[PDB]
Structures are given as structure tokens and as C-alpha cells.
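As C-alpha cells, the next two blocks hold two forms of the same chain, structure 1 and structure 2.
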Structure 1
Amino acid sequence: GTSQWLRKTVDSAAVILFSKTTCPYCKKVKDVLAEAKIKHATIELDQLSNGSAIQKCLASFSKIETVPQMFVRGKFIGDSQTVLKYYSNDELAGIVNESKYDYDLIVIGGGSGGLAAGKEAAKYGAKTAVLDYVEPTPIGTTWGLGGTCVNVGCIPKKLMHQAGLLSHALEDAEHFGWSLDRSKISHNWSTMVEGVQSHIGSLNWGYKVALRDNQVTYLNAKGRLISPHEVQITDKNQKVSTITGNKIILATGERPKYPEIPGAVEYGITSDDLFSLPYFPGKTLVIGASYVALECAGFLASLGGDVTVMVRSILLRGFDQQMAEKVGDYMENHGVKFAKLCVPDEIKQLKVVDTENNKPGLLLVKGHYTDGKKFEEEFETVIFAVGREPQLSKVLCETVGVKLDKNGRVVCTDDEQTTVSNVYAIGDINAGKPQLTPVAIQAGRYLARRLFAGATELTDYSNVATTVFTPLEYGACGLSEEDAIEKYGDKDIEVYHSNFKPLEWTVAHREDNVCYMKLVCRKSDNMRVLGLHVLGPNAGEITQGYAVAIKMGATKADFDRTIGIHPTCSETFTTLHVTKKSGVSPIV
């Protein structure tokens, strides 16, 4: 197995140095390369269990078993002497720059995963190009470098969430003694958007600067893979050209879906438009029930908006449905209206958006409930959050041979490789993976290390924790209760649960027995924690640390013998004792 790994490492690395820590000639090579600003991977064989066997198999490539050994793009360059020879003769730059391709790596997509991968690859000497282009939304919205999370996802989403949370902080401030009349305080949408967009701009810029500092080429151009190693780029000026790369990383992400009803594209918006909307949405209808729909509905309501969510069937399909209902119940009790069991039929325009005064238009939404009653109501803004989809036909020529699944996502091995061996896919377009920013980052960085630094560490996609930033946040790690029962049988599942009340909520006169947490455990596996679920403030901060313990195979006993930090919400996980089987009430 070692021989197989070395052959792949040598073929793939752009510039790699085989060396040892306790080695003088190696350090001489290292310091030379550093002075010439030649980045490279390094593998200290003395720090590997199979080092000596690798040092021996190396001779199959270099005809020698000594260190240091320096390779460039699959070719042995030389020992200490031959490198200094190339250096003193000022032939070294041309040697390390010699390639069949323009780049060692072309990243198509400048998002969470693509930027992470490209940055990490350049760290090890890979000549890297990052392509990013943002196809405007139907109304013309566009944005800068960074992807969905940075521009029209997590970042603006959580900042607007924060602005909504401050609403309740303003309410709580009175009970804690602050001379404040919440009822005389209003929110200015455009002031918030200005600050949100200023921060996004600082990220767009920080990314450009980061790529320049790491000698990464950034091209604001639409990329199209026409052969395994050839990418066709169209720039702002419609100019077409071709660049070649050894490895290709597809990281193009997804975009929001629209329902196929009249008026939807013309008069509605999506999350892509919401976070830079130059006017307050006003009375808003959110169509959909995903975490995007509920998060957006949630903070609009907390900002004082008249918000309605049109729900076709259930909330947060794919999430623990007990928790989903508690999420929705909280929102419905805190200003969010729900048109349940209802779908839209058409969007009719009543007022055009006022560009000059920054005011929304006005729309008539027609729909129908399952009970046959008609839905007809006026809204100033209609937001569709009915899923997202890849658009790889715009990126992949069918002739290249990259296998897509029925949903249009890329079918990959557990090392992100597509059916074209030099082409990989990371992030949301990777079929079957959790569609989250830290997953894409870890996938891209770990892939870059395997390609160009000889690493073997794969990304672990199991038990990836999540948090839905609804008005009351919901964090989760592992299986939902229903999936655990499905997988192992009701008799083999024990569920410990408890309501709780944040100490912060007491003086503030907020609700008993609404915040809630549960551990879904497997009786036959020493009460292994299969899933953790918490509804309450700062649920992301609560949940994160437990994800490490679950990764390690935490049991209920592991939670119990850990001591709580008091007063916190998270400590309740260390004293859970009421089981669902017992029928005892979880209230406190």
C-alpha cells in the first residue's frame, strides 16, 4: 500500500521535498528554496511509521535512498547538489515553473470551498487559479468574491439574525433596569443593510488580498470545463480564452430555485436578493419551509415586519420533526404567521418597486389550501425559499465525462474525485454531502493537502453538527429521533430530555418550558449518543463542543460524569435523567 501512496504523491505534487528533521543537507535545500521564494510541501520521513520503507521505495523514482530528494510535477529534480547547481546557474526558477499546464490547480468557483482549497494548494507550491463569476439574479442582483455564505448566506443571514435578537435585548433591557421604552424604538432597514454590506465588502476585499498575497491568480470570469485539463473562460468583456490545469476543483455551489408559477421570477425575490435589498421588504410572504425560509421569516418579524410563511406540508424536512415543530411553535408565538398546508398558484403585480424612494412594490399572492379554501392576500415582498440547485450544465460540457446524479450534483468518491480522475468536486455540488460552509472548507483544504502535500486524511462527513438560526436557535449533531428508531428499532433507543429556562430569561419574564434538549441513545451500544438536539439561545455555541465528543463515540455515561458549568444553558446536558419511555414530563 505504501508504494501506491508514493506513486500518487509524486505524480500529483507540484513541488515537494522529501527530507528529515535531523538532516543538514535538507535544511540547506530548505533555506535555499525559502530565499528564492519557492513554496513547497515537505515530508519529514523520520516522523512517519513507514518512513524507512518510503525512503526505500523512493529509489524506484530517484534511483537513490538518501535525503533530501526534491520532485517537481512527477519528476525527480535532484539531491542537495543538483538543486544548488540549478540555483547557482540561475536555472532553478525555470525548473520549478516547468509544466505541461498553465496551472497546477484551477478552481472553478470562488466560494467557501473553492477559496479554501485554492489558498491551501498554493501553500505547497501549486500554481493556482481561482475562477469566480456571479450570474445576476433575475432582478439583476450580483456581488463580489466569496461565494454564497459570504455574500448571500450565513454571514448576512446571521448578522440580520443578530439585529433581530437585539430587538429582544431591547425588550429585556427594561426588566434589567435600563431606562428604555422599547415601544418608542423602530428599526431602519437600510442602515442595517449598509452595515451588513460594508462587512461583506471587507470580506470580498480580504479574499482578493489573500489570493494576491499567496500568488494565486484570481479571474473574475465564467469557467467552463471543455476537456479534463482545459478550462474555457469568458470575462466581463465577453472575451473567450482557454487555460489549462493539472488538477481541477469544481466548487460552483448552487442557486435558489423558483416555483413554476406565473409572476414568481418577475415579481418575487430569493435570499440572493434579500440581504442587499435597497428597500425594507415590508409586509412579507416567505414561501417555503426550509431553514432558509424560517431564518429569513424569523429575523424579518423580529425587526418588526408583518411576516407570513406559506408552508406546503411540514417544517424543516429532514430535521428531527419534534424539534422542527418546537421551532415553528416558538415563531408562531412570537409574531410569525403561518399559512399552513398551502401552496402558491400565481403572483400578480399591484405596484412596481419604487427605485427612487426605496420602497417595495405590492403583490397579490393567489394560492390554495389542502382543504380547498382559496388563499388571496396582498404582500409588499414575496420571498421564495423552496430549495437550491446546482447549475453544472453551465460549467460542464457533457463530453468531459463527469458523472452527475438525477439532481444534477457530482457523484464523487470519498476523496472528492469525480469520474474524471484529475477533476474533483467539493461543497454543495458534491452529491450526498451535508451542504454547509465548514464542510466545504474542510473538504477543500484536506483535498489540497492530498493533491500537493502527500496527505492521506479524508474529510469525515458523518455526524456533522448544524444550527438553524431561527428566532429560537436549534442546534443538532447526529441522528434525529425518528431516524434512530428507523435504523435500530424503537426498543433499542432511549431518549433523555429536559426542558430548561435560560437564567437570562427569568428577570426578563420569558417562557418556562420552551427551550428543550434531548439525547437520542442506543441501549445496546452502551447508551451511545446517536443524536444531540438543543432548542435555545446560542445553540450553535452550545452544540459545537459536543460534536467532538460524539465524534469520539460519547455515551450517556460520558455526559453524566462531566461536570456542568453554572449558570449556562449547556450544563443541562450533563444532568439529563428523564427518559421518554418513562412518560415522566420533561418540564421544570
Structure 2
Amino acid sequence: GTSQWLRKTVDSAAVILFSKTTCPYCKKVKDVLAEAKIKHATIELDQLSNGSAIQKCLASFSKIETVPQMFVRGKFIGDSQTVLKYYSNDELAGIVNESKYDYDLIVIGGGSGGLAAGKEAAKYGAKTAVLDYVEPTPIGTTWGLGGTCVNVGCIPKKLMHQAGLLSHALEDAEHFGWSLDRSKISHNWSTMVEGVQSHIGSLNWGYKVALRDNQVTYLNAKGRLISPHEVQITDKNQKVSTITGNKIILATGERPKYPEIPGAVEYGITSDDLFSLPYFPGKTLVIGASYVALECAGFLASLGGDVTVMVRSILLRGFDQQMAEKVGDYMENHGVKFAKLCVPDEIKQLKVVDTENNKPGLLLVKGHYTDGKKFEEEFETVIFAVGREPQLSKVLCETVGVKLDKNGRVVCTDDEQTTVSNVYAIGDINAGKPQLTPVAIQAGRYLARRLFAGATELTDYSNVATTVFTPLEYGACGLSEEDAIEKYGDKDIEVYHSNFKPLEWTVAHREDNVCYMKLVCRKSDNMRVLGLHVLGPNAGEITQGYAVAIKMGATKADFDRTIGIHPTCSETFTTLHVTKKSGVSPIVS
């Protein structure tokens, strides 16, 4: 293992120093490198149990077993005397910059994964380029650096969710003694969008500054991988050039799908357009039943919108269906209409968007229900939320030899390596991985450390917690109840559950027995918690800490022995006792 590790580490590191913490010669090299502004990885052999074995293996590359040893791009450069020789002769700059390639790393895609990977790689002296380009939506929407989450995903969706939550805060404030005339209070969509877009603008700028401050080259250019080490770039002026890189990270993400019906591309919008929409959507139809569809429907209804969701089959396919039903029931009871078992056939235009006075157009949506009844209703805005897909050319990928699956996603090893050994894929294009921002960031930063700092830690994609930011939020970590029963059998599954009522909801006259949580446990494995599920306010804050306990193998007894914090929603997890097998109601007084 030690020999294989050392060979890979030496081959891939841009600039790396083998050192010991107590080694004055090591300190002298560190001081020279720091004076010369040369960034590098450092491995302290006296902080590794196999450090003595590593020292002996180093002689296979350098012919010495002493520290310090400095390497550049797979070549031993010297001990302390040799490094100080290069410095004193003004040779050291030329040596640490010598490469077959323009860059140690080229990241194609400046989103959650690619910016994380690029910034982290640059810290170890990898000469890094990040390419980002935002192909416009069909109506011409575009945005700045930072990817889906920053511009058209997690950040603006959660801000618009917060504007929706503040609706309920205005209602609650009267019950808690605040004197306000709600009959005279309205929401202004464009004022909210201006706020959200000013924050996004601060992130676009922040990322450009962060790349500049890490000596990363940012190119606003479309990248195409044309051979293992060569990236063709096309700038805004349609000027084409080629740059070369040692390691390549594909981090190009996905874009919204459209249904293949007349009028969809011409008259509908997607989440890409919604978060900067210059006009209030008005009476809205959301087609789809993903977390995006329900999140978007939810905040638009809480901002005073007339909202309908058109659902082909079920809500939140792949999530726990009991929890998905409760999420949708809350929405239907709080102002969202559902056209269930219904699909669209055509969108017709009745009015064009007013691009001068910022008002929506008008659309006729024709569809049909499974019962044979026609759907025909006017909406001001139609939002498709029917899935996202990667944008890689299947032909070009095959030419370079990067394997894709039938969905067009990249087939990777558990260390993000593609079938082209210097090329890696992270984030939403990595086939089979949870499509989440913190996953892409951990994958990118951990990969950068393996490539350029001799790290071994892999990303753990198991039991990744999530939250759906519907009007009543849904947090989960681990298996759905149905998936646990399919895997282990009904006889080996115990489910503990309870309704609960936030204290905040009492004086506000909100519902009893609507917030709900459950633990899905394995009887034969000491009642191991396989799945945790919570429907309630602040569900992401609730869920996150339990994700650490589940990663560690938490059992029901671990939950029971922990004392609650009172008064909280989360403390209910520490006192669950009603099982589903008992048939006793989970409702509470």
C-alpha cells in the first residue's frame, strides 16, 4: 500500500515537500518557498505511523531517505542544499513553473463542485484554470460565476422560501400581540427579486475575487475536452483556442428539461428563469412533482399567488412516500391547488409578456387526466419542473474515451476517476451520486487534496441528509421506510413515530398533529437507525446534527439516552416510543 500511495502522490503533486515537524533543514526550505511565494503541499513524515516506511520508499525516486525532499510534477528537485542553490541562482522560479502543460488542473464548470476543486487545488501550488459559461435559457436568461446553486438553485430558492415564511410570520405576529393591518399589506415580487439578485451579485463577485486571490485563472469560456490533456475554449467573441492541462475536472452540472409538447419552449419557463423573472408570475401552473416543483409552488402561493401543481403520478418520487404525501397535504390545505393524474398536451399564447411595465403574459394550458377528462385553464405563467439533464456531447466524450451511462452522466470510480485516468468528474454529472451542493463541494475539495497533497480520504456518499424547503419543511437522512422494508424485510424493521406541535404554533393557532417525525430501525442490528424523517419548521437545522450520529451507527438506544433541549421541535427525537407495529396513534395532546 505505502509504495503504491507514494508513487501516485509523487506522480500527481504539482509541488510537494516531504518534511518532519522537528527538522531545521525542512524549516529553511519552508522559509525559502514562503519568501519566493511558492505554494506547495507538505507531508510531515513524523505525523504518519508508516512515515519511516515512506522515508525508505522515497529513495526509489530521489536516491535519499533524509528530509527535506522537494518534488515538482513527478521529478525529485532536491534536498535543502539543492533548493537553496536554485534560489540563490534565480533558477527556482523556472523549475517550479516547468511543465509539459499550461495548467496542473483545468476545471470545466465554475459551479459548486468546480470552484471548490479549483480553489483547493491552487492552495498546493497546482496551476489552476476554472472555465465557466452559462448557455442562455430559451428566453435569453443568463447569470454570473458560481453555478446552479448560487444563481438559480439553493440560494435564491431558500431566499424566496424565507419571503414566503415571513407571510406566516406577519399572521403569527398579530396573535403574539403585534398591531398590524394585514388587509393593507401586500408583497412586491420585483422588490424581492432585486434583493435576491443583489445577494447573488455579491456571490458572483466574491467568487471572481476568491479565484484572483488564489492565483486561479478564471476564463468565461465554453470548454470542450478534445483529448485527455487538451481543452478547446470558445470565448464570448466566438474566438477558439486550446489550453492544456495535466488533470481535468469535469464539473459542468445539468440544466432543466422541457416536455416535448407544442408551446413548452416558446411560452413556458423553468427554475433558470424564475429566480430573476422581471415580472410577478401571477396565476401560476407548475408542471412537475419534484422537490423543485413543490418548493417553487410553495413560495409563490405564500407570496399571494394563485398556484396549481400538475402532477403526472406521485409527489417526490424516490423520497419516502408517507412523508411526500404529508408535504403535499400541508400544501393543499394552505393554498396550493393540485391537478392530480394529469399531463399537459399543449401551451397556447394568449398575451405576450409586457417587457416595458413588468407584467406577465397569459397562456392557455390544454392537458388531460387519467380519467379522460380534459384540462383547459388560463395561467399567467407556466413553470416546467420535469427533471434536469447533463449537457455533455455523447459523441465527443466517446472520442476522448470518457464513458457515460444511458442518462449521459459520467461513470466514475469511488475516487471520481473517469475511464480517462487524468480526467475526473464531480457534482451532478457523476452518475449515481446525490445531486446536492455540499456533496459537490466535499467531492471537489477531497479530490483536489488526493491529486495535489497526497491525501487518501474518499468522499462518503452514504446517508447524505437532505431538506425539502416546502412551506412545511421536510428533512431526512438515510433510508425511506419502504426502501428499508424492501432491503431487510418487514419482520426486521421497527418504526418509531410521533406527531408534534411547535410551541411557536400554539399562540399562533396553527395545527395540532401535522408536524411528524419517525425513525426507521433494524431490529436484528441493535435497533440501528436506518432512516430519520421530520416534517416541521427549520427541518434542515433539526436534521443536520443527527446525520453525524447516523454516520457513526446510531441506535434507538443512542437517541433515548440523549436528553432533549426544551422547548424545541428536535427534542421529540429523544422521547419516541410509539411503534407502527403497535397500531397506537402517533397523535399527541
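Just so we're on the same page, residue numbers count up from 1 along structure 1's sequence. Between two forms, the rigid core is the largest collection of C-alphas that superpose within 1.5 Å.
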- Task: Can you spot, among 209, 350, 397, 169, the one with a CA shift of 2 Å or more between structure 1 and structure 2 after core superposition?
- Result: 397
- Query: What is the C-alpha shift for residue 452 between structure 1 and structure 2, rigid core superposed, to one decimal in Å?
  - Reply: 0.1
- Message: Please give the CA displacement of residue 182 between structure 1 and structure 2, in Å, after core superposition.
- Response: 2.1
